[PDB]
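Chemist: Please find the sequence and an experimentally derived structure below.
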There are 4 protein chains.
Amino acid sequence: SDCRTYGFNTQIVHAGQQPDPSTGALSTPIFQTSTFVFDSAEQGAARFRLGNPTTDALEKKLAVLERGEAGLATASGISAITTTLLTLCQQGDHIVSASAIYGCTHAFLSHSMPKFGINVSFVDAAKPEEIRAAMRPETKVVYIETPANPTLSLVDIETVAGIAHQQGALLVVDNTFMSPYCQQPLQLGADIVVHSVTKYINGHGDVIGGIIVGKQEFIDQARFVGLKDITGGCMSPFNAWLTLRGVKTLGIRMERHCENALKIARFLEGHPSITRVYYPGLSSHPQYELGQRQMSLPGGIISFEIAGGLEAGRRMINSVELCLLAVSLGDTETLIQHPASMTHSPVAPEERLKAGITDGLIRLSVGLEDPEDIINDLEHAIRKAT
Amino acid sequence: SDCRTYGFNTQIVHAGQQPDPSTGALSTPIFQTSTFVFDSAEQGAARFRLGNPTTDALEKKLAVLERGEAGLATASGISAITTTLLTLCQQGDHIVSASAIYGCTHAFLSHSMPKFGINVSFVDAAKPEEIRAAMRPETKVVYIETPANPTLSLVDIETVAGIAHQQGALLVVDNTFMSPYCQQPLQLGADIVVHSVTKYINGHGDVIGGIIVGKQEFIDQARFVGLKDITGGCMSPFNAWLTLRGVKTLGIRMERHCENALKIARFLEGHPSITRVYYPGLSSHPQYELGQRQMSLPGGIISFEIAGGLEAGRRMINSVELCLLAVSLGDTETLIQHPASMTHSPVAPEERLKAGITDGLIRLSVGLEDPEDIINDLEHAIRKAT
Amino acid sequence: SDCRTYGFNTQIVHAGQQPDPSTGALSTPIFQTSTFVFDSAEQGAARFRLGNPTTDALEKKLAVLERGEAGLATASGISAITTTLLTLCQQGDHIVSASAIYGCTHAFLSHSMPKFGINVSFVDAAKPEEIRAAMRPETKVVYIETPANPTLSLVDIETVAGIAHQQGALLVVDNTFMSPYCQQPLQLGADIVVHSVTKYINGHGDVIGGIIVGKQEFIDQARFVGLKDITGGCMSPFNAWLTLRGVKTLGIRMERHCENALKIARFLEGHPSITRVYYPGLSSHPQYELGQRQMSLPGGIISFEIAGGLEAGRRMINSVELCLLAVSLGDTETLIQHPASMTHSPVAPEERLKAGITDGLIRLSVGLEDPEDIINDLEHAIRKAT
Amino acid sequence: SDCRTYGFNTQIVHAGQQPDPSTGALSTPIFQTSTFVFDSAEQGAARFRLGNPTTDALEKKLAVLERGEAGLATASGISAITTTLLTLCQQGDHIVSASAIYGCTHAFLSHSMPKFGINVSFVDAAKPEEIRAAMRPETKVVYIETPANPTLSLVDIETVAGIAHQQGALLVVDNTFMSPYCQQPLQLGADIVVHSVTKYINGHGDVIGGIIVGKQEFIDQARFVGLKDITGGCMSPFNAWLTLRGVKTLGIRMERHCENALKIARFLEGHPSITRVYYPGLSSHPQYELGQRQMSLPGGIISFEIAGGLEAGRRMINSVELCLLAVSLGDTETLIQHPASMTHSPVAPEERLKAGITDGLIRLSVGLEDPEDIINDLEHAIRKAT
Ligand SMILES: *Cc1c(COP(=O)(O)O)cnc(C)c1O
Ligand SMILES: *Cc1c(COP(=O)(O)O)cnc(C)c1O
Ligand SMILES: *Cc1c(COP(=O)(O)O)cnc(C)c1O
Ligand SMILES: *Cc1c(COP(=O)(O)O)cnc(C)c1O
């Protein structure tokens, strides 16, 4: 009847989707079209490119899963973020943003927005008082991400939402790392959720895309102004269909990701060659109790520091046999990276250190393989490297 | 050897493409991936999401066809335009734009850009002196489209390029209506060409996408700043593969589109119920000789005015049996629309008139059907309507 | 190193796949091509349409999962079956087949094979002595399916394999209902396994296809004679890529299917309006202990009989709100059907009864929804119907 | 109104297709589904896997283009041929077949059919009297292909149809080489047309598939018995959608293929290093006048013999720079092959000679490139080789 009444796994499978009325086709048809035709001049005037039946199913599903009114699919995670913020802000406006944010978001906030006259203050969002202190009469948006790279620190969504709203601003939360299966920011008072569906929501490492979920009034503006008149970042219907297909298994995937990650995190925490393990599922995590209230599962991502700094981390990732060396996350395969030797290699060491990137830090996206195989591969590479 | 030496039809088929080195596959493989993997930490540091082998083939092909250095594919035609202009301009900059431009472009220029502190002057670009008179010390870009809706007026690309360059600005040309088969703005001095590949370049009515062609130095900025840090408007690999597939037949398609359109335009010009016909292939076109120098073919689009104004135009499009009522163009099917009753129905009549949209104006995108069938359908509907 | 050494979930994710050597693309590229090109006359002679790199990955993966030497993908489950049997048999040969087999297989065996001079004896394969008694000097193949429609009866694979081999025949097992995650017939002595990947292996209700797994020597004949010279039933590369994508989640899907099915089967067995429940996970199943040895999980399919015969079964399936009425199985959505009112409606009642299809029999393909929601939907419809 | 009344180019674009009634989508949606759902038990019984709305559009289009009642899409050209003949024939039946037939067809007819008790007589179908002399009381089918490899000899369809029908047999014509744009065997009295759509009908070198066109009564048997109960050779919906997309340009493609081929054939006929040129468009072709009556265009394929036999042919194909070495045909790229050094290299020379394959024979599939570029490439390689 109404998918919003059913359990979350049922919603994952069914919400936004129904057998095709005209054919009975169970799969959502791929409306790979650019042209829609009218039956008459009158129907043409009535209807008056920005929508599509396949993409509509994905948007409605994600709106159900995040408990939001409406969804809007985009060409990429970054396009979800910029379509949102460029819809909301204009010259002279202000944004308060977490500092521990995903890389590409940072360049948009630190360079692109100020060149359009939109100023951004960066703060440590694990300290809600820093958010409050940075707000200005011009502040339209508080922007946060939780958990946050590179040490999986957290932000208290409900507390920050209350602060933002008291001072008249919207709260936008990037929920990519968690997916709606593990965290629901709108239920905690956020106004707008954005995702890179490139990660867990699609989950199969073969789609670049984004989604925005929020109130119908905002989503209509993000669609008819943000996409239409600013970014042009529409998602293709085939990408929407693949994401619909991937998200069918979101519940069973996240359960296995997190079950595997907890096993691996406990193994790493017991290993004498590993100095630190960052994982919200470990009781030693600095914000463990907050994570238990805010997150239904601790997630599939782990960071850890290997003994011996830069050269040990390089030797470790060059010694894995099953884990794949890559910079993405949320795929069915386990992915590993060593930022100080890979992504941030030209960055000055003390500059890396301020960003929380130590020479020995390894980031791991835990996949769906047998956890014993992942652990044996990690142990093999750690033993050789140290 | 080098595709840039071959004839244009040969380039259309082959440029940017080669059998897959590892498999011999003739078709460009669809690299429908989000994740690329490294063989070592060292290879990861060396390579250091924004590129893809399938999309690279499309970009290289269109660069060859427009005689530009480099190409950049995007999520939509509008994203090609906004990624370009938001890469080039910042708060305090100025753009001189033609007034006769495509609708969505107009909203971006008239509302979005000024809200980022980027001012835009709109001029009649058929009068190059109006472009010169509007230029300011702050002008970074002159933006033109030719032919231009809704009466297929022209802009003299070589003359405007000279004006723009003397005053230190770049010339950006939207070449969507023509395709590189019929017009090559970079060869006439433009700096940057943008397309909606949604129209003729894909040609099959099943892809929304854009492309940008220009100097390598600019394209690198449009990719690594514009797409990465502003619009996020990446094209999906499947959309790139479909566009590669569609553009294989660009030469034979444009030849047939234009051969059909000239037959239809001559028929309409002989019909006593049609007051005006706008088509660059007719000697009565106000800028006919300019079109003959600048365009290799007169294009596949026709506008015409039917006797009897609004109600005759409505009755005519409600009487076609083969032409399809739609607002897009460049498809293999003939498409027809009556703006005053369809798209611009809520717009005040005198406001439509300033935009060149008379009550009886019909726009026709001529397809690949037998021209005798298209003409008989038009004659049938015109006879009934008048 | 070698995927055949890793755990089964690891094999599911990784076997047959590797990052693209030339690009590092993690996803298997979609080699949607018909033409492969040679670098020289000599390379053309050396290579001398029937293979494809995408489909090869799927074939190698399924060979690993079934512990067979080689795999061969096909256009449909039925094409996997007929390509196999038409490769093995010629005029004058004989097949012993189970009677409890899937419908389309039955028409091929009962009408098509005898018209090619290949005789077929149908037996009750739950009684291995009936298989032995039916074998002839001409028998090339024993053909079985387990579990088998419509009451989920079983066939003892290891015992039948021994009988077939002693009498010089091959054993072919249709393993569609189980998938390699739950049953491995080659490990029990079968020679050839066939699947409809349309069901669990793809799992997403959007691919029709088949696969054959067996010895390299047989698979080479099925490919170069069966596909090339008899059925022409090649799988398309896009279908292979979608099946590769679907099978990534086979392990977590089958676990959830079977966990849900056991909950639902126990609910049905406790319901006083349900006269019988057929499910290998219930201790009351006639061959329960055999299933425990032969199957790692009891599967995702349930049959049950509702009180009140034909009209109660019709009223029940017309009263479900979440379960979808369909004749397929193995999808992420729960599917339900009532054969006596749907598929077998024109079949005479006593003829249905011999086929094990009683008037009240309902078949259920349990999906990935919350089991509480499926149970509540079944209870709702059962209460109304009875 | 009715597409069967319109011109052939109009039919190519429109036949079998219409805007989606429920959405107005112009492109045929890709119904990439395996499962169709019923609204009630009653609708399930009424409807009672073998059909699909996307594939139905392709089948209806090709039926219009060949002037047949009905169409049936298949997994491959060979599957179109074997599904047809295995539907029509059973043990004890007879087929008269041309000897000059495509390779894979030959293995099916010469080895597979006799092993099912279906005998085949091979004759020179350019001599209709040999067809008559081979007919038997048991003959169900006469099977021909025209033009035929490797020298592009012809078969008189109308004359052979009359012979077959007088003796009570059906005529099946493989029309792959021509496409319906250039030859219409049903209009000349054939009963059934088969195609590999892998060649010209799709035309883009990225689909393997087949089609069958004939009377509704036969097509129903080919679908519900041949596909369902014998070959299982269904076409996937995505392959059908790609073929629908490719065939949109069939008319303009065949015109350009044939215009280019005639230019190239005349060039080759003037070249003193080329001993023979086989092309139906040359007046020296042995059956030229028959081709003029039976074919609307002479086709896009050329065979020719280069001076100097085996080593000259090898050196020539190793010296082309634009033509691609491949064994397929009908693609947008020009393809070339030298059978005696490539495909038939292990075949004994005198055995090749009986098959019409001389040591110097080159086969050329003329593409859509500029003909001057193709001619210059051929001249370059011919000059070097001789
Ligand atoms: C990957 C990621 C993004 C960027 O998404 P794209 O689809 O790659 O543009 C943004 N935020 C987070 C937290 C991410 O992990
Ligand atoms: C259609 C069109 C556009 C917009 O392209 P989209 O792909 O629809 O965003 C821009 N310019 C012109 C001239 C167009 O015809
Ligand atoms: C569905 C099924 C088949 C047929 O497979 P198709 O892909 O539909 O041709 C064969 N065997 C079993 C056990 C099946 O469930
Ligand atoms: C290529 C071809 C075939 C075979 O078609 P496939 O799709 O490759 O199976 C059959 N007949 C002719 C004339 C062909 O050219």
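Modeler: Good, I have the coordinates. Numbers count the residues shown, from 1 in each chain, chains lettered A, B, ... in the order given. Ligands and ions are numbered 1, 2, ... in the order given.

Chemist: Going along the chain, name the helices of the stretch 151-300 of chain A.
Modeler: A:157-166, A:216-221, A:237-247, A:250-269, A:288-294 (DSSP state H, counting those that start in this stretch).

Chemist: so which of these comes closest to ligand 4?
Modeler: Ligand 4 lies closest, by C-beta to the nearest ligand atom, to one member of the helices of the stretch 151-300 of chain A: helix A:237-247, at 24.8 Å. Using the backbone N, CA and C atoms, a C-beta is placed for each residue, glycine as well.

Chemist: Kindly export that closest one (C-alpha atoms) in PDB.
Modeler: Extracted C-alpha coordinates of helix A:237-247, given in PDB (Å, rounded to 0.1, in the frame of the first residue of the first chain):
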ATOM      1  CA  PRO A 237      18.800   7.300 -16.800                       C
ATOM      2  CA  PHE A 238      21.100   4.300 -17.200                       C
ATOM      3  CA  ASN A 239      23.200   5.500 -14.200                       C
ATOM      4  CA  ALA A 240      19.900   5.900 -12.200                       C
ATOM      5  CA  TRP A 241      18.800   2.400 -13.200                       C
ATOM      6  CA  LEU A 242      22.200   0.900 -12.100                       C
ATOM      7  CA  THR A 243      22.000   2.700  -8.800                       C
ATOM      8  CA  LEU A 244      18.400   1.500  -8.300                       C
ATOM      9  CA  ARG A 245      19.800  -2.000  -9.000                       C
ATOM     10  CA  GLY A 246      22.700  -1.600  -6.600                       C
ATOM     11  CA  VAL A 247      20.700  -0.200  -3.800                       C
END
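
Chemist: could you redo the helices of the stretch 151-300 of chain A as CSV and give each row mean neighbour count?
Modeler: Formatted as CSV, the helices of the stretch 151-300 of chain A follow (neighbours: other C-beta atoms under 10 Å in any protein chain shown):
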stretch, mean neighbour count
helix A:157-166, 18
helix A:216-221, 16
helix A:237-247, 26
helix A:250-269, 22
helix A:288-294, 16
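
Chemist: Out of those, flag the one nearest residue A:316.
Modeler: Closest to residue A:316 of those is helix A:250-269 (C-beta to C-beta; 11.8 Å).

Chemist: same for the closest one, what does it pack against?
Modeler: Contact partners of helix A:250-269 among helices and strands, from 3 or more C-beta pairs under 8 Å, 6 or more residues apart in numbering or on different chains; DSSP states H and E: helix A:8-14, strand A:274-278, strand A:301-306, helix A:371-385, helix C:250-269.

Chemist: Would you convert the helices of the stretch 151-300 of chain A into a markdown table that also reports distance to ligand 3?
Modeler: Compiled in a markdown table, the helices of the stretch 151-300 of chain A are given as follows (distance: least, C-beta to the nearest ligand atom, whole Å):
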| stretch | distance to ligand 3 |
| --- | --- |
| helix A:157-166 | 46 |
| helix A:216-221 | 40 |
| helix A:237-247 | 18 |
| helix A:250-269 | 22 |
| helix A:288-294 | 44 |
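
Chemist: ok, how many other residues are close to whichever residue of chain A sits closest to ligand 1?
Modeler: Relative to ligand 1, the nearest point of chain A is residue A:77 (2.1 Å; C-beta to the nearest ligand atom). Using other C-beta atoms under 10 Å in any protein chain shown, residue A:77 has 25 neighbouring residues.

Chemist: Dead centre of chain A: give me the residue that sits there.
Modeler: Nearest to the mean C-alpha position of chain A, by C-alpha atoms, centre = their mean, lies residue A:176 at 1.2 Å.

Chemist: I'd like the distance between the residue of chain A closest to ligand 1 and chain D.
Modeler: 25 Å (C-beta to the nearest C-beta, to the nearest Å).

Chemist: Quick check: phi and psi at that residue.
Modeler: For residue A:77, the backbone dihedrals (degrees, to the nearest 10) come out as phi -50, psi -50.

Chemist: for the helix or strand hosting residue A:314, packing partners?
Modeler: Here residue A:314, judged by DSSP states H and E, is contained in helix A:309-317. Judged by 3+ C-beta pairs under 8 Å, 6+ apart, helix A:309-317 is in contact with strand A:301-306, strand A:361-365, helix A:371-385, helix B:41-47.

Chemist: Using CSV, write out every CA atom in it.
Modeler: Only the C-alpha atoms of helix A:309-317 are listed here, as CSV (Å, rounded to 0.1, in the frame of the first residue of the first chain):
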residue,chain,number,x,y,z
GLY,A,309,55.9,5.5,9.4
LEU,A,310,56.1,6.2,5.7
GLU,A,311,58.2,3.3,4.5
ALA,A,312,56.3,0.7,6.5
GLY,A,313,53.0,2.0,5.1
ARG,A,314,54.4,1.9,1.6
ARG,A,315,55.8,-1.6,2.1
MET,A,316,52.5,-2.8,3.6
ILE,A,317,50.3,-1.7,0.7
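
Chemist: what's the helix or strand following it packed up against?
Modeler: The helix or strand immediately downstream of helix A:309-317 is strand A:324-325, counting by DSSP H and E. Other helices and strands packing on strand A:324-325, by 3+ C-beta pairs under 8 Å, 6+ apart, are strand A:335-337, helix B:41-47.

Chemist: quick check, residue A:352 in a helix?
Modeler: Yes. The assignment for residue A:352 is a helix, going by DSSP: H, G, I helix; E, B strand; the rest coil.

Chemist: My read is that it contacts residue A:345, right?
Modeler: No. Taking contacts as C-beta atoms under 8 Å, residue A:352 lies outside contact range of residue A:345: 9.4 Å.

Chemist: Now do the same for the spatially closest residue to residue A:110 that is not a sequence neighbour: helix, strand or coil?
Modeler: Spatial nearest neighbour of residue A:110, excluding adjacent residues (C-beta to C-beta, 6 or more residues apart in numbering or on different chains): residue A:120 at 6.7 Å. Put simply, residue A:120 is strand when judged by three-state DSSP.
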